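Protein chains in written order, with PDB author numbering: chain X, 2 to 74; chain M, 9 to 295; chain q, 25 to 111; chain g, 35 to 166; chain i, 32 to 128; chain h, 50 to 159; chain F, 45 to 294. Below: the structure, in structure tokens.
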Amino acid sequence: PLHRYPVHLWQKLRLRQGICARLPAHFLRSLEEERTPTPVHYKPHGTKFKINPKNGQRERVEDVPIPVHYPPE
Amino acid sequence: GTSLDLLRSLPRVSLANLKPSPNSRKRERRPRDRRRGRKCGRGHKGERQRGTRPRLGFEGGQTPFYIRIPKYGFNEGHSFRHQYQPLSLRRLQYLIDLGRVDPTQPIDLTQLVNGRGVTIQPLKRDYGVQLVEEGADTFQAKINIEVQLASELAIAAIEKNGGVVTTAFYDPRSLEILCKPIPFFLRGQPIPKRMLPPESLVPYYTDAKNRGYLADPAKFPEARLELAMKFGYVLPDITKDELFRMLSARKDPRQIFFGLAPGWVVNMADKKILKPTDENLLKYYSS
Amino acid sequence: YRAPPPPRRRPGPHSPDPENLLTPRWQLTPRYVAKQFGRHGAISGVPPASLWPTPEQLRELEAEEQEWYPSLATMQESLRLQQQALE
Amino acid sequence: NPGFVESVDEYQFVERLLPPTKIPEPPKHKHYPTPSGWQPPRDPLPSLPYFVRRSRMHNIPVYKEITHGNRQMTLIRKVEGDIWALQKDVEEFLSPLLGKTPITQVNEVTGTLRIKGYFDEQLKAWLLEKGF
Amino acid sequence: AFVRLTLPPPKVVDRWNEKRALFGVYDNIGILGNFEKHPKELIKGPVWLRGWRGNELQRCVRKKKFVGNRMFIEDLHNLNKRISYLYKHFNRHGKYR
Amino acid sequence: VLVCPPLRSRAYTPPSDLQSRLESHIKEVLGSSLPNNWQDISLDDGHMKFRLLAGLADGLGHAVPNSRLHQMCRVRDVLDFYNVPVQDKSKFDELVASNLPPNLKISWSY
Amino acid sequence: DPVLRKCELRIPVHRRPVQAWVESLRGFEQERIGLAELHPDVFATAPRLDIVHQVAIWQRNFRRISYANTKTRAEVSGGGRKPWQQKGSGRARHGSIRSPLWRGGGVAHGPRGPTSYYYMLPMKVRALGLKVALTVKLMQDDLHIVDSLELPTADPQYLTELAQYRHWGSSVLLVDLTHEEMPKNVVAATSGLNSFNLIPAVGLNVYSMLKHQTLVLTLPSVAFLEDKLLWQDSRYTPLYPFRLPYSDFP
Ligand SMILES: [Mg+2]
Ligand SMILES: [Mg+2]
Ligand SMILES: [Mg+2]
Ligand SMILES: [Mg+2]
Ligand SMILES: [Mg+2]
Ligand SMILES: [Mg+2]
Numbered sequence: 002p003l004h005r006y007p008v009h010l011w012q013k014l015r016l017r018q019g020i021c022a023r024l025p026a027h028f029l030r031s032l033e034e035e036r037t038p039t040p041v042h043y044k045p046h047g048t049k050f051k052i053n054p055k056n057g058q059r060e061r062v063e064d065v066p067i068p069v070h071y072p073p074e
Numbered sequence: 009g010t011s012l013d014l015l016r017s018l019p020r021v022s023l024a025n026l027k028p029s030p031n032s033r034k035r036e037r038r039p040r041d042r043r044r045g046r047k048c049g050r051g052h053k054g055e056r057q058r059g060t061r062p063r064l065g066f067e068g069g070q071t072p073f074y075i076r077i078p079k080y081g082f083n084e085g086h087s088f089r090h091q092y093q094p095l096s097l098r099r100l101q102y103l104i105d106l107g108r109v110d111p112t113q114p115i116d117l118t119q120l121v122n123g124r125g126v127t128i129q130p131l132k133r134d135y136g137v138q139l140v141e142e143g144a145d146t147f148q149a150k151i152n153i154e155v156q157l158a159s160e161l162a163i164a165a166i167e168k169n170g171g172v173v174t175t176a177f178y179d180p181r182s183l184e185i186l187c188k189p190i191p192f193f194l195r196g197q198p199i200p201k202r203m204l205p206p207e208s209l210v211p212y213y214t215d216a217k218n219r220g221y222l223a224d225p226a227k228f229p230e231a232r233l234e235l236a237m238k239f240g241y242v243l244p245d246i247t248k249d250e251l252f253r254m255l256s257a258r259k260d261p262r263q264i265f266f267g268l269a270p271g272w273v274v275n276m277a278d279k280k281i282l283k284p285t286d287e288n289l290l291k292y293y294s295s
Numbered sequence: 025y026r027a028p029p030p031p032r033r034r035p036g037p038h039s040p041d042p043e044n045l046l047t048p049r050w051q052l053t054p055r056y057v058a059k060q061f062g063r064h065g066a067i068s069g070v071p072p073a074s075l076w077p078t079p080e081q082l083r084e085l086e087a088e089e090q091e092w093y094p095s096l097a098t099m100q101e102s103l104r105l106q107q108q109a110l111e
Numbered sequence: 035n036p037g038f039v040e041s042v043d044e045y046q047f048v049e050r051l052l053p054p055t056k057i058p059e060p061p062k063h064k065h066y067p068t069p070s071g072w073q074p075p076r077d078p079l080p081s082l083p084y085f086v087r088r089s090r091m092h093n094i095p096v097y098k099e100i101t102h103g104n105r106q107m108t109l110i111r112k113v114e115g116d117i118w119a120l121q122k123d124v125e126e127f128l129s130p131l132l133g134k135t136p137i138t139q140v141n142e143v144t145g146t147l148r149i150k151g152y153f154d155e156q157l158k159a160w161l162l163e164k165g166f
Numbered sequence: 032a033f034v035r036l037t038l039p040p041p042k043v044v045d046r047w048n049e050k051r052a053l054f055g056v057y058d059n060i061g062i063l064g065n066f067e068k069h070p071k072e073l074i075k076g077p078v079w080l081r082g083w084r085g086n087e088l089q090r091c092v093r094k095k096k097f098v099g100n101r102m103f104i105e106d107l108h109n110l111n112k113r114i115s116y117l118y119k120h121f122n123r124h125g126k127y128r
Numbered sequence: 050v051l052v053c054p055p056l057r058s059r060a061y062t063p064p065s066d067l068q069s070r071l072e073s074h075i076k077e078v079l080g081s082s083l084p085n086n087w088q089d090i091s092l093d094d095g096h097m098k099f100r101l102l103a104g105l106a107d108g109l110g111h112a113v114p115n116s117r118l119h120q121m122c123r124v125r126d127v128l129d130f131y132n133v134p135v136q137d138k139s140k141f142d143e144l145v146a147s148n149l150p151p152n153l154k155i156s157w158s159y
Numbered sequence: 045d046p047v048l049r050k051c052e053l054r055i056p057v058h059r060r061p062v063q064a065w066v067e068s069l070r071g072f073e074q075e076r077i078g079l080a081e082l083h084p085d086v087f088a089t090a091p092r093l094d095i096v097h098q099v100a101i102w103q104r105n106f107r108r109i110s111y112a113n114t115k116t117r118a119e120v121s122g123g124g125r126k127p128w129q130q131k132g133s134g135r136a137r138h139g140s141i142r143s144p145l146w147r148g149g150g151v152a153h154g155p156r157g158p159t160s161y162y163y164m165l166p167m168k169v170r171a172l173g174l175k176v177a178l179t180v181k182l183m184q185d186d187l188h189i190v191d192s193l194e195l196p197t198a199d200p201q202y203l204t205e206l207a208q209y210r211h212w213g214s215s216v217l218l219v220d221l222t223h224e225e226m227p228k229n230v231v232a233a234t235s236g237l238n239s240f241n242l243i244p245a246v247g248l249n250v251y252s253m254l255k256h257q258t259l260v261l262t263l264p265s266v267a268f269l270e271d272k273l274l275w276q277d278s279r280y281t282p283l284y285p286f287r288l289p290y291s292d293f294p
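Printed below as a string of structure tokens:
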């Protein structure tokens with residue numbers, strides 16, 4: 002068999018049922034939304050395009066955040 | 009057809025009478041009998057017989073042939089080179105003769121594609137069609153044709169018969185729309201502007217001798233006459249020609265279609281075209 | 025027997041439910057909305073003004089154009105200088 | 035006041051863009067052969083036992099073929115009627131050129147005649163005279 | 032070897048039941064229907080192989096790509112191991128290099 | 050309330066006076082007597098072929114099969130078609146009524 | 045008066061038309077009410093029984109998905125530990141109790157998961173097969189052209205009796221132009237008949253024509269069938285899928 006929903010949607014489903022549903026709408030917005038924090042440990046790309054020096058062609062670039070471990074302390 | 013008379017005599021065709029065409033199926037051999045069983049075609053026991061021989065190109069430990077040859081830039085930058093589908097005058101005459109291309113109206117890449125005269129693959133780096141001199145001797149048509157590249161001999165044949173040829177540049181996004189306009193219309197976007205040539209191609213498309221679409225019109229008469237003297241024909245005054253209005257037609261450097269301006273929306277479902285009224289958008293598209 | 029009615033494609037503009045989690049993401053983009061108008065025109069219900077870029081989007085397009093697509097005069101001038109440097 | 039104005043006048047240019055799904059019938063020409071070389075089938079029809087039909091592109095269905103990288107062949111394909119009568123004529127027509135009888139295969143199921151060697155141009159001209 | 036001492040019950044097959052009688056209908060939906068639907072759209076089966084064919088490594092990767100995120104832990108672990116075994120078989124083992 | 054007529058055999062034997070029947074039908078179909086060279090009259094006219102062929106089938110009781118209509122180009126082909134007999138007996142059925150030798154015995158279980 | 049039908053498309057000049065008897069189902073004896081032309085390129089194609097073999101096999105084998113599966117040694121329960129030591133046992137060497145050689149072990153080369161047999165015959169090939177099948181039914185006297193499927197009564201017995209009277213086969217396939225407009229009387233009669241099956245024109249296929257002994261086509265369906273099949277020859281290759289707008293294609 003298969004699960005009806007993908008695993009990554011499981012958290013959203015729980016927030017939509019039970020005592021979680023009765024929480025205020027504004028509070029759930031904070032839980033639902035996922036926003037990336039400001040870069041700290043890596044330099045962000047200033048532009049969305051740069052020239053690849055070897056072939057001299059315009060190439061799309063993306064920012065991949067470094068995984069950071071936050072201790073409970 | 010006597011063969012159909014044979015069917016009359018024979019029993020009914022049915023699912024029980026079906027047979028494949030002779031020799032359409034080979035036999036699959038399983039290693040069960042003595043002939044193909046036993047060692048099963050793998051030979052005596054060894055690395056190859058156990059199925060673990062080295063990879064393709066491995067030569068037993070000496071430096072392989074494909075590695076000992078020096079690296080040289082044969083294919084450097086290959087994916088960024090522009091490719092032009094060659095259209096010969098022989099093929100162009102063949103299409104015109106059989107009615108697949110209409111000489112009364114101007115000919116652009118869309119008409120060539122619609123008539124299946126040329127096959128364009130933008131995803132495979134095609135930038136359009138180049139006129140090819142082959143068939144010039146037997147070309148006897150008066151045509152208005154727009155191509156991306158052209159040769160001196162090919163241009164001579166077009167002009168000698170009384171036609172007009174111009175070289176125009178289309179960018180990869182523009183080329184896909186030009187080749188397949190209808191799929192673009194179904195997307196519901198407005199028609200985009202046509203980008204000007206890269207700096208490398210600016211000299212080519214601004215030169216009268218190449219009939220560039222960005223070239224100075226004032227310099228065309230001299231260039232057209234020069235070919236006439238060089239190739240031994242008399243330049244025909246096309247202004248007197250009845251079809252001068254069609255022959256003289258040329259698209260604007262920023263226009264993809266003849267009668268459609270950038271920024272319009274083609275509503276095929278309701279047979280309407282929608283034009284923007286916002287001033288800022290009009291400045292964007294008019295530019 | 026009589027065969028069941030022939031299979032047919034669903035006709036008309038189709039707007040997926042935004043809240044439903046299962047509904048695929050690609051069907052909820054503005055790109056999908058424009059496609060409905062292109063196929064079915066007016067009955068789609070799309071406000072046509074939305075099809076064109078919005079003023080904030082228009083600025084992004086113009087900003088992008090200047091950086092990577094120069095004008096003809098600038099292209100000609102740079103080519104002229106290179107020839108002089110070569111000469 | 036909406037930002038869009040609708041016009042039907044310019045839809046003619048949109049219609050011009052629609053591509054056809056049907057190969058157009060060739061236009062009537064004042065003088066044949068046409069500069070490319072194409073000429074339509076003659077009327078009245080030939081009275082031979084065999085008829086060679088034209089392709090969907092309105093050309094004579096003769097094709098050069100090669101297999102194994104060395105076996106050159108020429109194929110006459112859309113033959114209706116007595117395909118054996120065509121074989122007889124082909125052998126006589128090609129025998130003087132060879133100096134010997136050509137080797138041929140008749141596929142009565144598919145309606146094609148296959149000849150060893152490249153004779154496409156001679157057979158294309160030959161079949162035009164017969165009026166197919 | 033030992034053999035049955037009795038004849039099994041005879042097999043009764045209705046060749047004109049609705050499913051057998053109407054098999055194949057609408058297989059020409061496209062050419063006879065203006066091409067609005069392709070015949071593959073009539074195929075019923077697993078989501079990852081409707082109108083598609085491939086070898087076992089391809090099928091395993093396709094199932095993971097389609098429904099991998101909705102699979103049970105036992106199944107997904109078994110599917111992933113099957114991919115690695117087939118990957119090593121097709122890319123390193125065999126007679127022909 | 051609709052009763053199917055009794056099933057009629059598919060066995061046809063050419064009538065002895067075939068010429069008389071055919072020319073009478075042709076005279077009626079043309080309506081202007083019998084013109085010399087009648088046998089070579091072309092049947093390309095759609096209306097005439099239906100009247101001639103349909104009329105013959107009703108009276109004679111044997112109808113041109115769908116496979117053979119295109120072959121009935123001229124009246125001769127129609128004349129030729131009706132003179133060839135059709136037998137409903139199988140090849141085996143003939144053997145039973147074929148004066149078998151005394152030592153040959155055939156039994157029909159169907 | 046006669047119901048004389050002519051082909052709406054142009055027949056090639058070197059080929060003469062093929063013809064059939066138009067019939068009616070209103071009465072038992074209404075076996076000839078008209079004379080209908082048939083395009084020779086549809087109903088008089090070459091008798092190509094191998095192409096009929098290709099299409100019918102495609103129709104059977106492209107839908108097929110087999111759900112047969114077996115577990116490999118990796119998927120059977122247990123089997124992790126080595127049963128006994130390599131040396132000093134007097135036994136055959138083993139590393140798992142679930143190998144193929146063991147009872148209860150995995151299957152070495154068994155069916156693997158759901159498997160599909162999907163492939164597509166070229167569109168021209170599948171269209172050519174239908175033309176061959178239609179010709180076969182006509183030349184073998186299994187095809188009956190009808191003006192309409194209207195019937196006097198809804199009793200299924202009447203339809204069966206009529207088939208016997210006209211020497212039709214044990215099974216009959218009936219084709220109508222469209223599903224929506226098919227007459228009520230025939231719908232009721234065919235509903236309860238196993239061997240008389242009613243399909244619309246878009247539902248016609250080679251396999252059903254082989255399964256049923258005789259084919260009944262209405263006159264409008266014949267024109268429908270000719271138009272679609274003859275379009276396949278004399279057409280271009282597709283620039284894009286034909287569902288998209290074209291200059292001259294519906
Ligand atoms: Mg094998
Ligand atoms: Mg190409
Ligand atoms: Mg294990
Ligand atoms: Mg272990
Ligand atoms: Mg081990
Ligand atoms: Mg087991």
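C-beta: ideal position from N, C-alpha, C; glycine also.
{"Check": "With DSSP run on the structure shown, which of helix, strand or coil describes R84/i?", "Outcome": "coil"}
{"Check": "Out of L117/M, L131/M and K132/M, which has the shortest C-alpha to C-alpha gap to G125/M?", "Outcome": "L117/M"}
{"Check": "Starting from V66/F, follow the beta strand (DSSP E) in both directions and report where the run begins and ends.", "Outcome": "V62 to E67"}
{"Check": "Would you mind sorting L79/F into buried or exposed? The rule is 16 or more other CB atoms within 10 Å of its CB.", "Outcome": "buried"}
{"Check": "Please tell me whether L64/M has its Cβ less than 7 Å away from any Cβ of chain i.", "Outcome": "yes"}
{"Check": "Does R125/F come out as helix, strand or coil in the three-state DSSP assignment?", "Outcome": "coil"}
{"Check": "If I measure Cβ to Cβ from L261/F and keep anything under 8 Å in the same chain, skipping five residues before and after, which residues do I get?", "Outcome": "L187, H188, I189, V190, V219 and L269"}
{"Check": "In the DSSP output, what is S91/h paired with across the bridge?", "Outcome": "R123/h"}
{"Check": "Quick one: give me the first and last residue of the beta strand (DSSP E) that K217/M is part of.", "Outcome": "Careful: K217/M lies outside any beta strand (DSSP E) and carries neither H nor E."}
{"Check": "Using a C-beta cutoff of 7 Å, does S70/g count as contacting chain M?", "Outcome": "yes"}
{"Check": "With 7 Å set as the bound, which would you pick, yes or no: does the beta-carbon of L14/X sit closer than that to a beta-carbon of chain i?", "Outcome": "no"}
{"Check": "With 8 Å as the C-beta to C-beta threshold (strictly closer), list the residues of the segment 44-76 of chain i near chain q in chain order.", "Outcome": "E49, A52, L53, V56, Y57, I60, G64, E67, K68, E72 and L73"}
{"Check": "To the nearest angstrom, how far is the alpha carbon of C53/h from that of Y61/h?", "Outcome": "22 Å"}
{"Check": "Just checking my contact of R147/F with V120/F at CB under 8 Å: how many whole Å lie between their CB atoms?", "Outcome": "The Cβ separation is near 11 Å, so there is no contact."}
{"Check": "Please decide whether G125/i counts as near chain M, where near means a Cβ-Cβ distance under 7 Å.", "Outcome": "yes"}
{"Check": "Among all residues, which have a Cβ less than 7 Å from at least one non-hydrogen atom of ligand 4, and in what chain order do they fall?", "Outcome": "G124/F and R125/F"}
{"Check": "Select from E49/i, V78/i and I62/i the residue whose C-alpha is nearest the C-alpha of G173/F.", "Outcome": "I62/i"}
{"Check": "Is it buried or exposed for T174/M, if we count other Cβ within 10 angstroms and need 16 for buried?", "Outcome": "buried"}
{"Check": "For residue 7/M, decide whether its Cβ has a neighbour in chain g, counting only Cβ atoms nearer than 7 Å.", "Outcome": "Past the edges of chain M, shown from 9 to 295, lies residue 7/M, and the structure says nothing about it."}
{"Check": "Cβ closer than 9 Å: which chain F residues qualify as neighbours of residue 167/g?", "Outcome": "One cannot answer for residue 167/g here, as it falls past the ends of chain g, which runs 35 to 166."}
{"Check": "Given 6 Å as the limit, tell me if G150/F has its C-beta closer than that to any heavy atom belonging to ligand 5.", "Outcome": "no"}
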